[PDB]
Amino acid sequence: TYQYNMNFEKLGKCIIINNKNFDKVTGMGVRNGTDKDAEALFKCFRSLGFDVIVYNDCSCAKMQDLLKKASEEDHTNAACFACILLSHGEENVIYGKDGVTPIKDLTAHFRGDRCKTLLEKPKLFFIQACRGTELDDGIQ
């Protein structure tokens, strides 16, 4: 009664969005190393029991639509949902290959009133992306 109920037929969906290449208008460089991330995350979450799906070099529209449709699927038999974003970003924002889209709008699809079959279930979002330009020099 203090833990999320995990007794479902499946653990749930895991969506990985792996953005390596960007339109040069965006000013963004190639994210070398990200394929190794996506491979490691894939193997890892598959091992946990997730149904893993990997998407590559998505436009902002593709990311919005991809997540919208996932939120419209039937998660009744899933314990939870996970999404992993690998890309460029700035504060509150993440890059598609053709520009930026708010993190708020990607995750809003899974709100309780917009994704009833994930109601009372954990919705996890893992985000590898910059959130600004500040550097941490560290101490000691």
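Numbering starts at 1 and follows the sequence shown.
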Using only C-alpha atoms and the B-factors in the entry, which stretch averages higher, 69-77 or 82-90? 69-77
Have a look at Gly49, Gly112, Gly96, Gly33 and flag the one whose Cα has the highest B-factor in the entry. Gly112
Temperature factor at the Cα of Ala108, chain-ranked in thirds, falls in the lowest
Tell me, lowest, middle or highest third: where does the Cα B factor of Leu11 rank within its chain? middle
Which third, lowest, middle or highest, does the CA B-factor of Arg131 fall in along this chain? lowest
By the entry's values, the third containing the CA B factor of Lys116 is the highest
Compared with the other modelled residues in the chain, in which third is the CA B-factor of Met28? highest
